[PDB]
Protein chains: 2
Amino acid sequence: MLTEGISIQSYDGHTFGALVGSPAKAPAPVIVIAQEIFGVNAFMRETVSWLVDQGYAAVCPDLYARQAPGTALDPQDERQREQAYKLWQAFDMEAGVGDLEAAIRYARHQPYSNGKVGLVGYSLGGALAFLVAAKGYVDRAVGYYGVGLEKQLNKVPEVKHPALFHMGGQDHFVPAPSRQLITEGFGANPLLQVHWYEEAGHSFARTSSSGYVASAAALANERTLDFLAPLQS
Amino acid sequence: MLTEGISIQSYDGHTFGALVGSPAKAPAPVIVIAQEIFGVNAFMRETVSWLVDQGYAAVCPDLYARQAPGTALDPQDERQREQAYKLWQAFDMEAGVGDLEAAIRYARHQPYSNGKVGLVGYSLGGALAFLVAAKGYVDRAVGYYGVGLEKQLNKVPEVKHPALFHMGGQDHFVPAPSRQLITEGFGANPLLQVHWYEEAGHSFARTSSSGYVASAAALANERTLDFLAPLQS
């Protein structure tokens, strides 16, 4: 589900919708939320609603608009899960970064915006979070269980704004050898933080997933909130 | 907010900072952006990011540097609005034209520049846009709701480059007698266009204004982009 009437235009003219929520007290900092491979679905409505509850406005752009606008898939349905993976196969990461840039610019100047913008991404959106952080588009970036961070370690010296990453210690969609590489690579730049959650698997912050761990989700979420707090007026 | 390490020297040796953005495709035409009465603040940033995402480079000089460098005031805050008016009172218009000329001259030869330079100004900057157009510094100029344009009519003949003006028809800074004089005087020079937006008052393109008018904002902005497009390669 996207918010009726919301349209955001990318640098290349492509337009996409978004799910938007904002607290009744404005102005407020705005968090752009980068989706998983499942589109702007229930977990995205959950995440938007949590951030609103915590005094942020939120914008979750339809990053699948180039491929299948309005895609919202249930990761617990087999056939829908398979379709998500196929959409991921074809996902253009450089265009995703560009669409996030457009959503971030949008976020800056809404009537409710206080002018500060953070980004929080999950899985696919966690990798996008790191790419956005290296570009420097946002005041602060957070990625949960980003994929393939070990392939991006060359960009570590580009990160010039605070960024926070949450990784599962039991997430076997990360090759075991990647852990040290990411930890050591990130350890070179004090603006980058990476936390490991030794009991948690992939998608550990999402209740619909079998990797869910409540205590790890709550700790990662507290850290996210504490890290984003400076954006607040 | 200004861009670190950008220092531009003016005709009298006074130096000022600027907020700069360049698009992904360099070189591009550069637009110099003349501020409102609040310094290089959130709306100036919005404008830089907008023009860049439209294919322009953009330079917004700190025109308050002679009085209070790095001034950036929130129009929705009473005390900050009051200080903005006091700065506005002491603002030396001729010096401000000189500073804009310096910015324009600087914009001609940067690695990101295609050699073509336009100017877009708002409020205070909308009057400066007229004065700069009368000097002939720039290739094309645009002013939104310039204040005191009626005092400047003797310069109408001097304008030898195209200039576009977006004026609110309910702008308390442009009471009725003035509107007609401006409409009359500009009518004399085919290079000047002025549009009137009957629903709109001062500041109608700034979303933080109680006077914001989405539909007039959209119309004027689309006209602005059409009018600037000939600078592009």
# chains A, B, ... in the order shown; residues from 1 in each chain; ligands from 1
>>> interface_residues(of="chain A", to="chain B", cutoff="9 Å", atoms="only C-alpha atoms", output="mmCIF file with N, CA and C atoms, in the first residue's frame")
data_model
loop_
_atom_site.group_PDB
_atom_site.id
_atom_site.type_symbol
_atom_site.label_atom_id
_atom_site.label_comp_id
_atom_site.auth_asym_id
_atom_site.auth_seq_id
_atom_site.Cartn_x
_atom_site.Cartn_y
_atom_site.Cartn_z
ATOM 1 N N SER A 10 12.716 10.943 -9.758
ATOM 2 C CA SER A 10 14.153 10.695 -9.747
ATOM 3 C C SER A 10 14.872 11.595 -10.749
ATOM 4 N N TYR A 11 16.196 11.655 -10.634
ATOM 5 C CA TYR A 11 17.017 12.446 -11.544
ATOM 6 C C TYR A 11 16.804 12.105 -13.016
ATOM 7 N N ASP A 12 16.476 10.851 -13.303
ATOM 8 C CA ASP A 12 16.274 10.429 -14.683
ATOM 9 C C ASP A 12 14.819 10.512 -15.141
ATOM 10 N N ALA A 102 16.445 10.974 -4.379
ATOM 11 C CA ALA A 102 15.212 11.739 -4.638
ATOM 12 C C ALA A 102 14.236 11.748 -3.451
ATOM 13 N N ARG A 105 15.763 14.133 -0.803
ATOM 14 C CA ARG A 105 15.489 15.531 -1.150
ATOM 15 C C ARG A 105 14.032 15.931 -0.892
ATOM 16 N N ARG A 108 13.358 16.493 2.802
ATOM 17 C CA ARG A 108 13.937 17.705 3.421
ATOM 18 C C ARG A 108 12.960 18.856 3.562
ATOM 19 N N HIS A 109 12.073 19.003 2.580
ATOM 20 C CA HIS A 109 11.298 20.240 2.402
ATOM 21 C C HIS A 109 9.803 20.041 2.422
ATOM 22 N N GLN A 110 9.329 18.977 3.072
ATOM 23 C CA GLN A 110 7.906 18.846 3.338
ATOM 24 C C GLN A 110 7.494 19.770 4.490
ATOM 25 N N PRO A 111 6.201 20.121 4.562
ATOM 26 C CA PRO A 111 5.753 21.125 5.530
ATOM 27 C C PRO A 111 6.065 20.664 6.948
ATOM 28 N N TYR A 112 6.158 19.350 7.148
ATOM 29 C CA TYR A 112 6.444 18.796 8.467
ATOM 30 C C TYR A 112 7.945 18.627 8.758
ATOM 31 N N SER A 113 8.789 18.772 7.736
ATOM 32 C CA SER A 113 10.227 18.550 7.881
ATOM 33 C C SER A 113 10.916 19.619 8.737
ATOM 34 N N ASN A 114 11.799 19.198 9.636
ATOM 35 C CA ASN A 114 12.683 20.148 10.315
ATOM 36 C C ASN A 114 13.992 20.373 9.598
ATOM 37 N N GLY A 115 14.139 19.752 8.427
ATOM 38 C CA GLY A 115 15.356 19.942 7.602
ATOM 39 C C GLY A 115 16.433 18.880 7.776
#
>>> residues_around(residues="stretch 90-92 of chain A", least_positions_apart="5", cutoff="9 Å", atoms="only C-alpha atoms", output="PDB file with N, CA, C and O atoms, in the first residue's frame")
ATOM      1  N   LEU A  63      10.771   1.370  -4.226  1.00  0.00           N
ATOM      2  CA  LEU A  63      12.031   1.193  -4.945  1.00  0.00           C
ATOM      3  C   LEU A  63      11.858   0.175  -6.074  1.00  0.00           C
ATOM      4  O   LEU A  63      12.689   0.083  -6.978  1.00  0.00           O
ATOM      5  N   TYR A  64      10.757  -0.571  -6.044  1.00  0.00           N
ATOM      6  CA  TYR A  64      10.426  -1.462  -7.154  1.00  0.00           C
ATOM      7  C   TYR A  64       9.591  -0.821  -8.272  1.00  0.00           C
ATOM      8  O   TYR A  64       9.182  -1.505  -9.210  1.00  0.00           O
ATOM      9  N   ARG A  66      10.461   0.751 -10.825  1.00  0.00           N
ATOM     10  CA  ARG A  66      11.019   0.566 -12.171  1.00  0.00           C
ATOM     11  C   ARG A  66      10.648  -0.810 -12.745  1.00  0.00           C
ATOM     12  O   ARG A  66      10.729  -1.031 -13.951  1.00  0.00           O
ATOM     13  N   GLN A  67      10.199  -1.718 -11.879  1.00  0.00           N
ATOM     14  CA  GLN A  67      10.085  -3.131 -12.227  1.00  0.00           C
ATOM     15  C   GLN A  67       8.655  -3.610 -12.109  1.00  0.00           C
ATOM     16  O   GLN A  67       8.228  -4.489 -12.859  1.00  0.00           O
ATOM     17  N   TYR A  85      12.629 -12.705  -4.816  1.00  0.00           N
ATOM     18  CA  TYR A  85      13.977 -13.014  -5.234  1.00  0.00           C
ATOM     19  C   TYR A  85      14.244 -12.706  -6.701  1.00  0.00           C
ATOM     20  O   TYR A  85      15.365 -12.344  -7.072  1.00  0.00           O
ATOM     21  N   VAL A  97      19.893   3.807  -5.454  1.00  0.00           N
ATOM     22  CA  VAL A  97      20.571   4.866  -4.714  1.00  0.00           C
ATOM     23  C   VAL A  97      20.018   6.204  -5.186  1.00  0.00           C
ATOM     24  O   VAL A  97      19.763   7.092  -4.382  1.00  0.00           O
TER      25      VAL A  97
END
>>> atom_distance(atom1="atom CA of residue A:168", atom2="atom CA of residue A:192")
16.8 Å
>>> residues_around(residues="residue B:100", least_positions_apart="4", cutoff="9 Å", atoms="only C-alpha atoms", output="list in words")
residues 10, 32, 33, 34, 61, 63, 95, 96, 104, 105, 119, 128, 132 and 137 of chain B
>>> write_last_selection(atoms="N, CA, C and O atoms", output="compact mmCIF listing (two decimals), in the first residue's frame")
# COMPACT_ATOMS: atom_id res chain seq x y z
N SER B 10 35.13 39.55 -3.31
CA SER B 10 34.31 40.50 -4.02
C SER B 10 35.11 41.72 -4.50
O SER B 10 36.31 41.81 -4.26
N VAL B 32 23.38 31.03 -10.11
CA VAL B 32 23.65 31.68 -8.83
C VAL B 32 22.32 32.00 -8.17
O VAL B 32 21.41 32.48 -8.83
N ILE B 33 22.20 31.67 -6.90
CA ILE B 33 20.92 31.85 -6.22
C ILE B 33 20.98 32.95 -5.17
O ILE B 33 21.83 32.92 -4.28
N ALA B 34 20.15 33.99 -5.36
CA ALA B 34 20.11 35.13 -4.46
C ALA B 34 19.06 34.90 -3.37
O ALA B 34 17.87 34.78 -3.66
N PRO B 61 25.46 32.36 -2.70
CA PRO B 61 26.45 33.11 -1.91
C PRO B 61 25.86 33.58 -0.56
O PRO B 61 24.68 33.94 -0.47
N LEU B 63 25.18 36.31 1.23
CA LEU B 63 25.09 37.74 1.00
C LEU B 63 25.02 38.50 2.32
O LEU B 63 25.38 39.67 2.36
N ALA B 95 26.25 46.79 -2.74
CA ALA B 95 27.25 45.79 -2.36
C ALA B 95 26.73 44.38 -2.68
O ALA B 95 27.51 43.48 -2.95
N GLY B 96 25.45 44.16 -2.42
CA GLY B 96 24.85 42.84 -2.71
C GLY B 96 24.85 42.49 -4.19
O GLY B 96 25.18 41.37 -4.60
N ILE B 104 28.80 35.25 -9.85
CA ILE B 104 28.54 34.94 -11.25
C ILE B 104 29.84 34.77 -12.02
O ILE B 104 30.01 33.81 -12.75
N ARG B 105 30.80 35.67 -11.78
CA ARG B 105 32.08 35.65 -12.49
C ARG B 105 32.87 34.38 -12.11
O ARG B 105 33.38 33.66 -12.98
N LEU B 119 20.71 33.38 -12.96
CA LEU B 119 20.51 33.84 -11.59
C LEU B 119 19.04 33.66 -11.25
O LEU B 119 18.16 34.03 -12.04
N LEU B 128 17.29 42.01 -6.04
CA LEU B 128 18.66 41.90 -6.53
C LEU B 128 18.74 41.29 -7.93
O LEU B 128 19.61 41.66 -8.74
N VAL B 132 20.73 42.95 -10.98
CA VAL B 132 21.80 42.25 -11.66
C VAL B 132 21.51 42.18 -13.15
O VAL B 132 22.42 42.30 -13.99
N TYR B 137 25.22 41.16 -15.87
CA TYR B 137 26.20 40.16 -15.47
C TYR B 137 25.91 38.77 -16.04
O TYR B 137 26.82 37.96 -16.18
>>> residues_around(residues="residue A:51", least_positions_apart="6", cutoff="8 Å", atoms="only C-alpha atoms", output="list in words")
residues 31, 57 and 58 of chain A
>>> residues_around(residues="residue B:18", least_positions_apart="5", cutoff="9 Å", atoms="only C-alpha atoms", output="MDAnalysis selection string")
chainID B and resid 1:4 6:8 40 59:63 103
>>> write_last_selection(atoms="C-alpha atoms", output="tab-separated table (two decimals), in the first residue's frame")
chain	number	residue	atom	x	y	z
B	1	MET	CA	24.71	26.02	5.80
B	2	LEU	CA	27.62	26.74	3.50
B	3	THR	CA	30.06	24.57	1.59
B	4	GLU	CA	33.36	24.05	3.41
B	6	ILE	CA	34.42	27.89	-0.64
B	7	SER	CA	35.54	31.48	-0.34
B	8	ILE	CA	34.77	34.05	-2.99
B	40	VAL	CA	21.66	30.69	3.39
B	59	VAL	CA	25.95	28.51	-6.13
B	60	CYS	CA	24.18	30.37	-3.29
B	61	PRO	CA	26.45	33.11	-1.91
B	62	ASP	CA	26.39	34.24	1.75
B	63	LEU	CA	25.09	37.74	1.00
B	103	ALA	CA	29.70	34.88	-7.62
>>> residues_around(residues="stretch 221-226 of chain A", least_positions_apart="2", cutoff="9 Å", atoms="only C-alpha atoms", output="ChimeraX atom specification")
/A:51,54,120,142,164,205,216-219,228-230
>>> select_by_dssp(residues="stretch 2-203 of chain B", states="helix (DSSP H, G or I)", output="number ranges by chain")
B: 42-52, 78-90, 93-107, 124-135, 149-158, 176-187
>>> residues_around(residues="residue B:188", least_positions_apart="6", cutoff="12 Å", atoms="only C-alpha atoms", output="count of residues only")
10
>>> atom_distance(atom1="atom CA of residue B:124", atom2="atom CA of residue A:116")
25.6 Å
>>> atom_distance(atom1="atom CA of residue A:76", atom2="atom CA of residue A:202")
14.2 Å
>>> closest_residue(among="B:80, B:215, B:71, B:35", to="residue B:145", atoms="only C-alpha atoms")
B:35
>>> closest_residue(among="A:107, A:213, A:68, A:48", to="residue A:28", atoms="only C-alpha atoms")
A:107
